[PDB]
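For the sequence shown, the entry's author numbering assigns the number 0 to the initial residue and increments by one for each residue that follows.
Built from N, CA and C at the ideal position, the CB exists for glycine as well.
The structure under discussion appears below in the form of structure tokens.
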Amino acid sequence: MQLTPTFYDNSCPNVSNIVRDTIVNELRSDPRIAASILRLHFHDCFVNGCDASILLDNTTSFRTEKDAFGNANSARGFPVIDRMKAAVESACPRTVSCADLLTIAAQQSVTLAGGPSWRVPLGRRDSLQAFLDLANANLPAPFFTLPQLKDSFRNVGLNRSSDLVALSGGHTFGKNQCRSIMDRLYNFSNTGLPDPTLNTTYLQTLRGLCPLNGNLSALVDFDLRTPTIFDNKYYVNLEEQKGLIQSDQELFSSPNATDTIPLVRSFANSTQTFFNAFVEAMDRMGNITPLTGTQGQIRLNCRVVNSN
Ligand code: HEM
Ligand SMILES: O=C(NO)c1ccccc1
Ligand SMILES: [Ca+2]
Ligand SMILES: [Ca+2]
Numbered sequence: 000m001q002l003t004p005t006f007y008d009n010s011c012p013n014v015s016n017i018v019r020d021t022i023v024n025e026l027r028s029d030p031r032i033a034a035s036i037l038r039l040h041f042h043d044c045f046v047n048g049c050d051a052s053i054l055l056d057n058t059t060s061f062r063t064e065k066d067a068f069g070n071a072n073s074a075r076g077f078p079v080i081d082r083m084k085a086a087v088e089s090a091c092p093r094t095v096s097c098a099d100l101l102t103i104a105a106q107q108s109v110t111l112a113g114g115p116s117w118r119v120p121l122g123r124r125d126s127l128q129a130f131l132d133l134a135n136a137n138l139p140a141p142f143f144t145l146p147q148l149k150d151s152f153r154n155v156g157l158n159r160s161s162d163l164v165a166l167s168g169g170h171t172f173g174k175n176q177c178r179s180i181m182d183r184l185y186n187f188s189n190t191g192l193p194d195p196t197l198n199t200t201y202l203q204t205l206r207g208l209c210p211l212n213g214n215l216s217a218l219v220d221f222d223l224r225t226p227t228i229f230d231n232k233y234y235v236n237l238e239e240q241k242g243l244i245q246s247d248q249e250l251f252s253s254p255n256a257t258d259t260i261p262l263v264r265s266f267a268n269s270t271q272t273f274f275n276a277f278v279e280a281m282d283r284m285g286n287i288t289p290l291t292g293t294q295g296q297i298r299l300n301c302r303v304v305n306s307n
């Protein structure tokens, strides 16, 4: 079955508003929640598709994806997802799946942060288990080279350069722990020297935030220009060699970035072009091997599989 943005227009027409209201309230006490939610949707879709598998807690039959490299002590916002789920269940019992909920929450988070607004395709169902081993293999790491980043995306069906460059735009907001960039700051590739593709001035600022013997869990903004606003500034930073993590800067400085540089330049100079590309990329990502029809189920509690 094909996903459609009208899936709940009759069954739960106010699901979108319930989701938006929840995020709006949470934003007041946690301005980072929007970025965190978008990231959860990304990490869900890359592992066995957007089936809300990442929301499942540990059981005796399978381990949670929350312990995967990249998620452990990193992913967050789970309690917030429970809140909107409870609210939706009251309005429309056993109707909206966790997979779709997280998808709508991701779109609303982008829009609320100043990004584009659009209706996401819906109709996905929830998985019966979590896939830890798959998550540990499917999630791209910050130390991947451009080719490896392209393989990682192609691995799940996103085989277009625009997919990689556009979706990476998600780093236009949110935070990153010092641990992921320590090598770029003090000893890149066992050379004992910092990453040459990192702006020397910015290098000093980052070294202040991430001391050689400091707290590896300290947080740094992904976008030094507009840390909490979803815009195209992320691409501007790349042109000045101010991409925070290795995977960011490679989109512009890698010797294999022949096909990505043009997209970076384009996105950096046109918000409309980037927003349109981001929306198309997002819908493509949200269409990765979904469960529809009778497959999977409509979870009542995103943390656990239905008992029946
Ligand atoms: C291209 C491969 C990518 C790599 C290697 C990567 C890596 C990372 C890393 C290292 C962090 C920091 C986590 C932490 O320190 O706790 C992070 C955070 C984040 N990433 Fe990515 N990422 C990638 C793609 C994406 C995509 C496609 C999106 C979604 C459109 C995304 C959205 C985010 C957001 C918004 C955050 C901040 C989350 C928060 O502050 O809670 N990332 N990413
Ligand atoms: O966010 C990640 N994957 O997209 C990630 C973060 C840290 C280490 C490994 C992977
Ligand atoms: Ca998944
Ligand atoms: Ca920004």
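Q) Which partner residues does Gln-296 have in the DSSP bridge list? A) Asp-125
Q | the stretch 268-281 in contact with the stretch 22-35 per 3-pair CB rule at 8 angstroms | A | Verdict: no, contact absent.
Q) DSSP state of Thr-110, grouped into three classes? A) helix
Q. Are the stretch 288-299 and the stretch 91-99 touching by the rule of at least three beta carbon pairs closer than 8 angstroms?
A. Yes, since at least three Cβ pairs between the stretch 288-299 and the stretch 91-99 fall closer than 8 angstroms, the two stretches touch.
Q.
Less than 8 angstroms between the C-beta atoms of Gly-69 and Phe-229, yes or no?
A. no
Q. For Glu-238, which of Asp-222, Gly-191, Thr-227 has the nearest alpha-carbon?
A. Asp-222
Q: Answer yes if the stretch 167-186 comes into contact with the stretch 207-221, meaning at least three C-beta pairs across the two stretches below 8 angstroms, and no otherwise.
A: yes
Q: Have a look at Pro-146 and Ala-134 and give me their C-alpha separation to the nearest angstrom.
A: Spanning the two alpha carbons is a distance of roughly 20 angstroms.
Q: Starting from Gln-248, trace the alpha helix (DSSP H) both ways and give me its first and last residue.
A: 245-252
(Q) Which residue marks the beginning of the alpha helix (DSSP H) containing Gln-1, and which one marks its end? (A) From DSSP, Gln-1 is part of no alpha helix (DSSP H); its letter is neither H nor E.
**Q.** C-alpha distance - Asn-13 paired with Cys-97, whole-angstrom precision
**A.** 16 angstroms
Q) Short check: CB of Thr-196 to CB of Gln-128, under 8 angstroms? A) no
Q: With a cut-off of 5 angstroms, give the chain-ordered residues whose Cβ is closer than this to any heavy atom of ligand 3.
A: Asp-43, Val-46, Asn-47, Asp-50, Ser-52
(Q) Which complete beta strand (DSSP E) runs does the stretch 154-237 hold, if anything under 3 residues is left out? (A) 174-176, 218-220
Q. Which residues in the same chain have their Cβ closer than 8 angstroms to the Cβ of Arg-178, if we skip the five residues on either side of it in sequence?
A. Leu-215, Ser-216
**Q.** Burial state of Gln-1 (16 or more Cβ within 10 Å)
**A.** Looking at its Cβ environment, which holds fewer than 16 other Cβ atoms inside 10 Å, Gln-1 is exposed.
(Q) Tell me which residues share the same chain as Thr-63 and place their Cβ nearer than 8 angstroms to its Cβ, disregarding the 5 neighbours each side in the sequence. (A) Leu-55, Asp-56, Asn-57, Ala-129, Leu-131
Q: Say yes only if the C-beta of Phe-172 is nearer than 7 angstroms to one or more non-hydrogen atoms of ligand 1, and no if none qualify.
A: yes
Q.
Once the 5 residues before and after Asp-282 are set aside, which same chain residues still bring their CB inside 7 angstroms of it?
A. Counting only Cβ-Cβ distances below 7 angstroms, and skipping sequence neighbours, we find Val-119, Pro-120.
Q. How do the stretch 250-260 and the stretch 202-210 stand: do at least 3 beta-carbon pairs fall below 8 angstroms, yes or no?
A. no
(Q) Quick check: what's the CA-CA separation for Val-79 versus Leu-39? (A) 12 angstroms
Q: Determine which residues share a DSSP beta bridge with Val-303 and list them.
A: DSSP lists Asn-300 as partners of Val-303.
Q. Does DSSP classify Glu-25 as helix, strand or coil?
A. helix
(Q) Distance check for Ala-71 and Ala-51, CA to CA, integer angstroms please. (A) 17 angstroms
Q: Out of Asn-231, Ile-287, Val-303, state which residue places its alpha-carbon closest to the alpha-carbon of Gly-48.
A: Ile-287
(Q) Residues in the same chain with beta-carbon distance under 8 angstroms from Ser-160, minus the five sequence neighbours each way, listed in chain order, please. (A) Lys-149, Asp-258, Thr-259, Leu-262, listed in sequence order.
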